[PDB]
There are 2 protein chains.
Amino acid sequence: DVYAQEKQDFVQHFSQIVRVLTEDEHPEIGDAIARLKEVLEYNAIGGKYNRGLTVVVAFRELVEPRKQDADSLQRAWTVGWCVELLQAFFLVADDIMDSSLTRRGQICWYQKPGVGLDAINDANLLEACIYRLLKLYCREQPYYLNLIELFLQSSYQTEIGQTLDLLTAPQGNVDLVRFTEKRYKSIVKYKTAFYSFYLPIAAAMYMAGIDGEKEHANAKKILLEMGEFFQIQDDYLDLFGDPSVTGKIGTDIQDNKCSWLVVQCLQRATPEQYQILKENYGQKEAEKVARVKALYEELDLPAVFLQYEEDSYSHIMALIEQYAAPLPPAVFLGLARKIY
Amino acid sequence: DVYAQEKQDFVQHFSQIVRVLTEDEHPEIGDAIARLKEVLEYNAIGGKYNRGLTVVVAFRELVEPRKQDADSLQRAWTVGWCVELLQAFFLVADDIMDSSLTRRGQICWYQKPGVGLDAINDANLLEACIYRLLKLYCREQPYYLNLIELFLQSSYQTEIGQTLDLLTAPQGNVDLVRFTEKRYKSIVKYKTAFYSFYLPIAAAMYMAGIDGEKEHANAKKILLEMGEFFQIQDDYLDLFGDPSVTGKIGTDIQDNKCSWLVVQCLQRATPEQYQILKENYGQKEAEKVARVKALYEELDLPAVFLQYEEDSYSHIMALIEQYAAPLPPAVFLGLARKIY
Ligand SMILES: O=P(O)(O)C(O)([C@@H]1CCc2ccncc21)P(=O)(O)O
Ligand SMILES: O=P(O)(O)C(O)([C@@H]1CCc2ccncc21)P(=O)(O)O
Ligand SMILES: [Mg+2]
Ligand SMILES: [Mg+2]
């Protein structure tokens with residue numbers, strides 16, 4: 001709830017992010033700057049803002065309260081919004097690739113009549129805005145290069161993980177043999193854990209002058225495990241979550257994804273069960289999807305996940321004991337409350 | 001031909017670029033690193049390499065010959081390859097958006113069975129490789145941040161121009177009223193001139209320690225005019241070029257693009273001619289495309305372009321007289337020979 005209390009100030013900072021990214025007036029590019037406005041306003045607004053808020057929360061907890069001036073706070077909010085622009089970049093492009101229908105309780109940007117594959121460019125523009133903001137707000141700060149490199153490396157890591165995800169789920173093809181626990185863990189580490197958990201904390205760290213490689217290493221050790229659980233929960237909720245809460249309809253089964261659920265199913269299924277999965281997974285047909293979900297419940301995977309969450313919670317807590325120091329344990333515990 | 005003579009060394013450096021971008025062995029990401037190899041090898045190889053070579057040529061002409069050690073040359077070749085990775089990023093994604101068929105004398109990457117919209121991620125990976133290479137080769141150099149920012153700003157500029165291009169060509173809609181000379185010039189300035197001409201020269205400049213804002217301003221003044229002509233010639237060749245040479249089939253007419261040709265047509269057409277254009281432009285049907293081309297030749301636009309090229313050549317030469325100094329005129333004249 002340190003989140004709920006940073007939230008409203010964070011969110012109302014968006015008008016400012018937009019204003020400053022539109023103050024590029026070169027009246028010739030006006031029309032394009034109007035399209036970027038639309039893209040920002042549809043695509044970085046409507047989510048929970050947990051990643052960006054994490055930057056703002058950690059900043060408050062890591063920076064000497066006396067050093068938390070109005071300007072250095074403005075920068076923290078900006079850097080928070082940079083993390084959210086990164087997520088918007090990935091979501092817009094991934095919804096295209098995944099043939100998704102809805103996101104954050106509206107139709108996907110690319111599904112909007114008049115948009116379509118132009119959304120590929122809109123998504124690149126959102127990524128570009130990250131670096132314009134880091135320049136506008138942070139160029140004179142000691143950690144400038146630290147942040148640029150962090151965001152660029154995070155993106156690379158995320159794209160490499162998405163590569164592994166897509167390679168593991170070739171379309172129109174059967175292959176449950178690809179869906180291993182080792183593969184799953186690598187996927188989610190790269191595609192999710194680095195940018196969703198390491199990135200926002202590291203960002204705050206760099207901003208507070210904590211640049212030591214051992215401190216980042218120790219932070220990473222906790223944050224990457226949190227990231228893995230988070231992706232696992234996102235997988236479970238793809239099928240068993242309520243779209244009123246998730247804000248989107250799940251496609252993992254028909255997309256032939258190496259989801260946590262399918263990996264657990266394969267670990268538990270009998271040869272017969274295996275064959276049902278083989279016949280029905282990775283296909284567009286509602287009755288086929290329904291059969292897989294029936295098999296998952298058949299195997300009580302909702303209960304397996306509930307037990308995994310508890311085991312994971314306990315393990316993450318152990319890691320925080322082991323690795324949090326020299327940083328305030330609250331930094332990690334705020335995050336843990338948010339996700340468990 | 002300073003190009004032809006830098007070329008073979010530049011091109012053979014590619015195996016090294018690839019090797020070092022694959023030496024990320026984390027055996028878990030092996031499969032993804034294999035996909036990146038494929039993507040590099042299909043998408044950054046098969047073009048003329050003029051943009052990357054321009055970095056290498058300008059570097060030779062701008063750097064004290066005594067300062068041209070083996071290491072600082074390796075960096076010049078790397079930075080050249082960075083410009084080519086930027087072009088590969090844009091081409092892969094733009095071919096998707098433009099529904100293109102072929103590029104550089106093969107089928108487009110995304111049209112390859114097994115690829116499709118996954119190419120969106122492959123293209124982002126290529127962009128990511130730029131920054132991994134700048135880090136691997138250039139992180140300890142004084143101009144590191146200069147280069148990072150140049151590449152990021154160039155991308156932003158290019159994406160903003162593509163935004164204007166796509167907004168000016170709404171699909172399924174008539175509108176020749178959008179196709180003005182003022183609009184055309186803004187489009188090509190942003191979408192083409194900055195990254196194709198300013199970027200590679202500026203890069204060499206920064207590498208040679210020439211960072212003064214007046215020197216970059218003067219360079220820009222010539223390079224941006226060259227860029228505009230280059231896009232004009234690319235437009236003309238979209239329809240009237242030979243696909244054996246261009247390596248791709250032109251879609252500007254059926255894509256409803258604000259091309260140089262359509263702008264000139266509109267300036268010259270009678271009300272009747274206007275109506276033929278209105279009925280036939282921006283549509284998929286071969287007979288409709290054929291009618292527009294017939295109207296263009298009807299108006300002798302090939303001859304208009306031939307005269308424009310000569311006028312443009314003379315004007316660029318005047319600009320080089322005016323603005324080249326303090327830099328070797330050869331820097332700009334090599335480029336001019338390459339494009340005219
Ligand atoms: O689409 P979401 O379920 O929100 C997902 O978690 C998000 C979407 C964008 C993105 C990028 C990296 N990792 C996860 C996600 P995905 O399941 O696609 O991997
Ligand atoms: O597709 P090409 O004709 O090669 C083009 O010149 C290239 C393709 C990628 C790109 C990016 C920016 N400017 C021009 C191009 P376009 O006509 O699409 O604008
Ligand atoms: Mg998901
Ligand atoms: Mg063209």
# chains A, B, ... in the order shown; residues from 1 in each chain; ligands from 1

$ interface_residues --of "chain A" --to "chain B" --cutoff "7 Å" --atoms "only C-alpha atoms" --output "number ranges by chain"
A: 28, 31-32, 97, 117-118, 121, 125, 128, 156, 159-160, 163-164, 186

$ write_last_selection --atoms "N, CA and C atoms" --output "PDB file, in the first residue's frame"
ATOM      1  N   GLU A  28       5.850  21.044 -38.843  1.00  0.00           N
ATOM      2  CA  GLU A  28       5.738  20.051 -39.911  1.00  0.00           C
ATOM      3  C   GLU A  28       5.375  18.647 -39.398  1.00  0.00           C
ATOM      4  N   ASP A  31       1.185  16.505 -37.129  1.00  0.00           N
ATOM      5  CA  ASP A  31       0.293  15.375 -37.302  1.00  0.00           C
ATOM      6  C   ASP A  31       0.834  14.095 -36.685  1.00  0.00           C
ATOM      7  N   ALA A  32       2.142  13.884 -36.788  1.00  0.00           N
ATOM      8  CA  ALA A  32       2.764  12.693 -36.220  1.00  0.00           C
ATOM      9  C   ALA A  32       2.824  12.779 -34.700  1.00  0.00           C
ATOM     10  N   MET A  97       1.589  -9.946 -32.483  1.00  0.00           N
ATOM     11  CA  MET A  97       2.191 -11.263 -32.711  1.00  0.00           C
ATOM     12  C   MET A  97       1.332 -12.418 -32.208  1.00  0.00           C
ATOM     13  N   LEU A 117      -1.532  -2.974 -38.856  1.00  0.00           N
ATOM     14  CA  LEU A 117      -0.088  -3.212 -38.704  1.00  0.00           C
ATOM     15  C   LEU A 117       0.738  -1.945 -38.576  1.00  0.00           C
ATOM     16  N   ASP A 118       0.143  -0.795 -38.853  1.00  0.00           N
ATOM     17  CA  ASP A 118       0.729   0.463 -38.413  1.00  0.00           C
ATOM     18  C   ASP A 118       1.099   0.470 -36.926  1.00  0.00           C
ATOM     19  N   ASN A 121       4.811   0.427 -35.981  1.00  0.00           N
ATOM     20  CA  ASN A 121       5.493   1.706 -35.841  1.00  0.00           C
ATOM     21  C   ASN A 121       5.129   2.476 -34.562  1.00  0.00           C
ATOM     22  N   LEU A 125       7.689   3.800 -31.656  1.00  0.00           N
ATOM     23  CA  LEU A 125       7.632   5.167 -31.140  1.00  0.00           C
ATOM     24  C   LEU A 125       7.597   5.234 -29.616  1.00  0.00           C
ATOM     25  N   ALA A 128      10.960   4.554 -28.388  1.00  0.00           N
ATOM     26  CA  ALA A 128      11.746   5.778 -28.594  1.00  0.00           C
ATOM     27  C   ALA A 128      11.536   6.840 -27.514  1.00  0.00           C
ATOM     28  N   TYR A 156      16.857  -5.894 -24.635  1.00  0.00           N
ATOM     29  CA  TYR A 156      17.522  -6.972 -25.343  1.00  0.00           C
ATOM     30  C   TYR A 156      17.157  -8.282 -24.680  1.00  0.00           C
ATOM     31  N   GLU A 159      13.606  -9.262 -25.458  1.00  0.00           N
ATOM     32  CA  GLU A 159      13.442  -9.713 -26.845  1.00  0.00           C
ATOM     33  C   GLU A 159      14.034 -11.099 -27.083  1.00  0.00           C
ATOM     34  N   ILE A 160      15.110 -11.409 -26.377  1.00  0.00           N
ATOM     35  CA  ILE A 160      15.757 -12.717 -26.455  1.00  0.00           C
ATOM     36  C   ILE A 160      14.857 -13.787 -25.825  1.00  0.00           C
ATOM     37  N   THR A 163      11.927 -14.361 -28.233  1.00  0.00           N
ATOM     38  CA  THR A 163      12.495 -15.300 -29.199  1.00  0.00           C
ATOM     39  C   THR A 163      12.395 -16.755 -28.750  1.00  0.00           C
ATOM     40  N   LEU A 164      12.846 -17.053 -27.541  1.00  0.00           N
ATOM     41  CA  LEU A 164      12.724 -18.419 -27.014  1.00  0.00           C
ATOM     42  C   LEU A 164      11.270 -18.877 -26.879  1.00  0.00           C
ATOM     43  N   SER A 186      13.917 -20.784 -18.356  1.00  0.00           N
ATOM     44  CA  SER A 186      14.729 -19.880 -19.185  1.00  0.00           C
ATOM     45  C   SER A 186      13.882 -18.827 -19.874  1.00  0.00           C
TER      46      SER A 186
END

$ closest_atom_pairs --of "chain A" --to "ligand 3" --cutoff "9 Å" --atoms "only C-alpha atoms and all ligand atoms" --output "JSON lines"
{"residue": "A:231", "atom": "CA", "partner": "ligand 3", "partner_atom_place_in_ligand_line": "1 (Mg)", "distance": 7.2}
{"residue": "A:232", "atom": "CA", "partner": "ligand 3", "partner_atom_place_in_ligand_line": "1 (Mg)", "distance": 8.7}
{"residue": "A:233", "atom": "CA", "partner": "ligand 3", "partner_atom_place_in_ligand_line": "1 (Mg)", "distance": 8.7}
{"residue": "A:234", "atom": "CA", "partner": "ligand 3", "partner_atom_place_in_ligand_line": "1 (Mg)", "distance": 5.1}
{"residue": "A:235", "atom": "CA", "partner": "ligand 3", "partner_atom_place_in_ligand_line": "1 (Mg)", "distance": 5.1}
{"residue": "A:236", "atom": "CA", "partner": "ligand 3", "partner_atom_place_in_ligand_line": "1 (Mg)", "distance": 8.3}
{"residue": "A:237", "atom": "CA", "partner": "ligand 3", "partner_atom_place_in_ligand_line": "1 (Mg)", "distance": 7.7}
{"residue": "A:238", "atom": "CA", "partner": "ligand 3", "partner_atom_place_in_ligand_line": "1 (Mg)", "distance": 5.6}
{"residue": "A:250", "atom": "CA", "partner": "ligand 3", "partner_atom_place_in_ligand_line": "1 (Mg)", "distance": 7.1}
{"residue": "A:251", "atom": "CA", "partner": "ligand 3", "partner_atom_place_in_ligand_line": "1 (Mg)", "distance": 8.1}
{"residue": "A:252", "atom": "CA", "partner": "ligand 3", "partner_atom_place_in_ligand_line": "1 (Mg)", "distance": 7.0}
{"residue": "A:259", "atom": "CA", "partner": "ligand 3", "partner_atom_place_in_ligand_line": "1 (Mg)", "distance": 8.3}

$ write_last_selection --atoms "N, CA, C and O atoms" --output "mmCIF file, in the first residue's frame"
data_model
loop_
_atom_site.group_PDB
_atom_site.id
_atom_site.type_symbol
_atom_site.label_atom_id
_atom_site.label_comp_id
_atom_site.auth_asym_id
_atom_site.auth_seq_id
_atom_site.Cartn_x
_atom_site.Cartn_y
_atom_site.Cartn_z
ATOM 1 N N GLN A 231 5.434 -14.702 -13.650
ATOM 2 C CA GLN A 231 5.079 -15.157 -14.999
ATOM 3 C C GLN A 231 4.242 -16.417 -14.885
ATOM 4 O O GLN A 231 3.273 -16.600 -15.631
ATOM 5 N N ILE A 232 4.627 -17.281 -13.947
ATOM 6 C CA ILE A 232 3.829 -18.446 -13.586
ATOM 7 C C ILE A 232 2.388 -18.081 -13.223
ATOM 8 O O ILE A 232 1.443 -18.701 -13.700
ATOM 9 N N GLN A 233 2.217 -17.075 -12.378
ATOM 10 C CA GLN A 233 0.879 -16.619 -12.014
ATOM 11 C C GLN A 233 0.148 -16.010 -13.217
ATOM 12 O O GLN A 233 -1.058 -16.182 -13.370
ATOM 13 N N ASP A 234 0.878 -15.303 -14.078
ATOM 14 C CA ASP A 234 0.283 -14.741 -15.284
ATOM 15 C C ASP A 234 -0.205 -15.862 -16.223
ATOM 16 O O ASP A 234 -1.278 -15.764 -16.822
ATOM 17 N N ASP A 235 0.569 -16.935 -16.331
ATOM 18 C CA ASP A 235 0.151 -18.120 -17.079
ATOM 19 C C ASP A 235 -1.127 -18.747 -16.502
ATOM 20 O O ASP A 235 -2.105 -18.987 -17.215
ATOM 21 N N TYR A 236 -1.118 -19.037 -15.204
ATOM 22 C CA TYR A 236 -2.293 -19.623 -14.563
ATOM 23 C C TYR A 236 -3.540 -18.777 -14.822
ATOM 24 O O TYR A 236 -4.613 -19.302 -15.120
ATOM 25 N N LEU A 237 -3.391 -17.461 -14.714
ATOM 26 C CA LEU A 237 -4.508 -16.533 -14.834
ATOM 27 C C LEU A 237 -4.925 -16.325 -16.285
ATOM 28 O O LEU A 237 -6.006 -15.784 -16.561
ATOM 29 N N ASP A 238 -4.057 -16.728 -17.207
ATOM 30 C CA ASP A 238 -4.403 -16.687 -18.620
ATOM 31 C C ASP A 238 -5.637 -17.547 -18.870
ATOM 32 O O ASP A 238 -6.524 -17.147 -19.618
ATOM 33 N N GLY A 250 -7.445 -14.865 -22.469
ATOM 34 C CA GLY A 250 -6.251 -15.700 -22.580
ATOM 35 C C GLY A 250 -6.240 -16.528 -23.854
ATOM 36 O O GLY A 250 -7.263 -17.100 -24.233
ATOM 37 N N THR A 251 -5.076 -16.593 -24.498
ATOM 38 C CA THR A 251 -4.881 -17.344 -25.741
ATOM 39 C C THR A 251 -3.777 -18.407 -25.666
ATOM 40 O O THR A 251 -3.440 -19.015 -26.689
ATOM 41 N N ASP A 252 -3.199 -18.633 -24.488
ATOM 42 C CA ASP A 252 -2.009 -19.479 -24.396
ATOM 43 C C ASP A 252 -2.199 -20.851 -25.041
ATOM 44 O O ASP A 252 -1.315 -21.366 -25.734
ATOM 45 N N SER A 259 3.333 -22.737 -21.623
ATOM 46 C CA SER A 259 2.802 -22.165 -20.382
ATOM 47 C C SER A 259 3.179 -23.024 -19.176
ATOM 48 O O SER A 259 3.431 -24.218 -19.316
#

$ residues_around --residues "residue B:270" --least-positions-apart "5" --cutoff "12 Å" --atoms "only C-alpha atoms" --output "NGL selection string"
:B and (265 or 275-277 or 295 or 298-299)

$ residues_around --residues "stretch 105-109 of chain A" --least-positions-apart "4" --cutoff "7 Å" --atoms "only C-alpha atoms" --output "PyMOL selection string"
chain A and resi 92+95+101+247-248

$ select_by_dssp --residues "stretch 1-220 of chain B" --states "alpha helix (DSSP H)" --output "JSON, numbers by chain"
{"B": [2, 3, 4, 5, 6, 7, 8, 9, 10, 11, 12, 14, 15, 16, 17, 18, 19, 20, 21, 22, 30, 31, 32, 33, 34, 35, 36, 37, 38, 39, 40, 41, 42, 43, 50, 51, 52, 53, 54, 55, 56, 57, 58, 59, 60, 61, 62, 70, 71, 72, 73, 74, 75, 76, 77, 78, 79, 80, 81, 82, 83, 84, 85, 86, 87, 88, 89, 90, 91, 92, 93, 94, 95, 96, 97, 119, 120, 121, 122, 123, 124, 125, 126, 127, 128, 129, 130, 131, 132, 133, 134, 135, 136, 137, 138, 144, 145, 146, 147, 148, 149, 150, 151, 152, 153, 154, 155, 156, 157, 158, 159, 160, 161, 162, 163, 164, 165, 166, 167, 168, 181, 182, 183, 184, 185, 186, 187, 188, 199, 200, 201, 202, 203, 204, 205, 206, 207, 213, 214, 215, 216, 217, 218, 219, 220]}

$ closest_atom_pairs --of "stretch 253-330 of chain A" --to "stretch 51-66 of chain A" --cutoff "9 Å" --atoms "only C-alpha atoms" --output "JSON lines"
{"residue": "A:327", "atom": "CA", "partner": "A:62", "partner_atom": "CA", "distance": 7.4}
{"residue": "A:328", "atom": "CA", "partner": "A:61", "partner_atom": "CA", "distance": 7.2}
{"residue": "A:330", "atom": "CA", "partner": "A:61", "partner_atom": "CA", "distance": 7.8}

$ write_last_selection --atoms "C-alpha atoms" --output "compact mmCIF listing (two decimals), in the first residue's frame"
# COMPACT_ATOMS: atom_id res chain seq x y z
CA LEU A 327 19.25 -2.36 1.21
CA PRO A 328 16.02 -1.90 3.20
CA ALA A 330 11.03 -3.07 2.73

$ closest_residue --among "A:188, A:193, A:76, A:39" --to "residue A:10" --atoms "only C-alpha atoms"
A:76

$ select_by_dssp --residues "stretch 4-142 of chain A" --states "strand (DSSP E or B)" --output "list in words"
residues 102, 103, 106 and 107 of chain A

$ write_last_selection --atoms "N, CA and C atoms" --output "mmCIF file, in the first residue's frame"
data_model
loop_
_atom_site.group_PDB
_atom_site.id
_atom_site.type_symbol
_atom_site.label_atom_id
_atom_site.label_comp_id
_atom_site.auth_asym_id
_atom_site.auth_seq_id
_atom_site.Cartn_x
_atom_site.Cartn_y
_atom_site.Cartn_z
ATOM 1 N N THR A 102 -8.132 -8.333 -26.781
ATOM 2 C CA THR A 102 -8.310 -7.244 -25.820
ATOM 3 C C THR A 102 -7.113 -7.140 -24.892
ATOM 4 N N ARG A 103 -6.956 -5.965 -24.300
ATOM 5 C CA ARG A 103 -5.851 -5.709 -23.393
ATOM 6 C C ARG A 103 -6.302 -4.586 -22.455
ATOM 7 N N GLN A 106 -9.905 -2.987 -22.935
ATOM 8 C CA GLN A 106 -10.381 -2.500 -24.221
ATOM 9 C C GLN A 106 -9.877 -3.388 -25.356
ATOM 10 N N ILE A 107 -10.394 -3.175 -26.557
ATOM 11 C CA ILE A 107 -9.831 -3.839 -27.720
ATOM 12 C C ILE A 107 -8.361 -3.404 -27.907
#

$ decode --residues "stretch 60-85 of chain B" --atoms "C-alpha atoms" --output "PDB file, in the first residue's frame"
ATOM      1  CA  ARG B  60      39.361   7.384 -43.104  1.00  0.00           C
ATOM      2  CA  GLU B  61      39.008  10.969 -44.342  1.00  0.00           C
ATOM      3  CA  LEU B  62      38.320  12.621 -40.985  1.00  0.00           C
ATOM      4  CA  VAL B  63      40.746  10.882 -38.647  1.00  0.00           C
ATOM      5  CA  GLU B  64      44.443  11.717 -38.499  1.00  0.00           C
ATOM      6  CA  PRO B  65      46.050   8.860 -40.489  1.00  0.00           C
ATOM      7  CA  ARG B  66      48.373   8.264 -37.521  1.00  0.00           C
ATOM      8  CA  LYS B  67      45.357   7.776 -35.266  1.00  0.00           C
ATOM      9  CA  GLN B  68      43.939   5.130 -37.617  1.00  0.00           C
ATOM     10  CA  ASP B  69      45.249   2.144 -35.653  1.00  0.00           C
ATOM     11  CA  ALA B  70      43.911  -1.402 -36.064  1.00  0.00           C
ATOM     12  CA  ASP B  71      41.624  -1.074 -33.044  1.00  0.00           C
ATOM     13  CA  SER B  72      40.117   2.279 -33.972  1.00  0.00           C
ATOM     14  CA  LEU B  73      39.525   0.896 -37.451  1.00  0.00           C
ATOM     15  CA  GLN B  74      37.788  -2.195 -36.008  1.00  0.00           C
ATOM     16  CA  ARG B  75      35.505   0.262 -34.233  1.00  0.00           C
ATOM     17  CA  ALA B  76      34.836   2.147 -37.451  1.00  0.00           C
ATOM     18  CA  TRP B  77      33.790  -1.089 -39.186  1.00  0.00           C
ATOM     19  CA  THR B  78      31.601  -1.984 -36.198  1.00  0.00           C
ATOM     20  CA  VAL B  79      29.897   1.410 -36.219  1.00  0.00           C
ATOM     21  CA  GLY B  80      29.361   1.026 -39.974  1.00  0.00           C
ATOM     22  CA  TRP B  81      27.691  -2.320 -39.294  1.00  0.00           C
ATOM     23  CA  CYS B  82      25.567  -0.586 -36.634  1.00  0.00           C
ATOM     24  CA  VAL B  83      24.141   1.707 -39.300  1.00  0.00           C
ATOM     25  CA  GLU B  84      23.378  -1.344 -41.480  1.00  0.00           C
ATOM     26  CA  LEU B  85      21.624  -3.074 -38.527  1.00  0.00           C
TER      27      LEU B  85
END
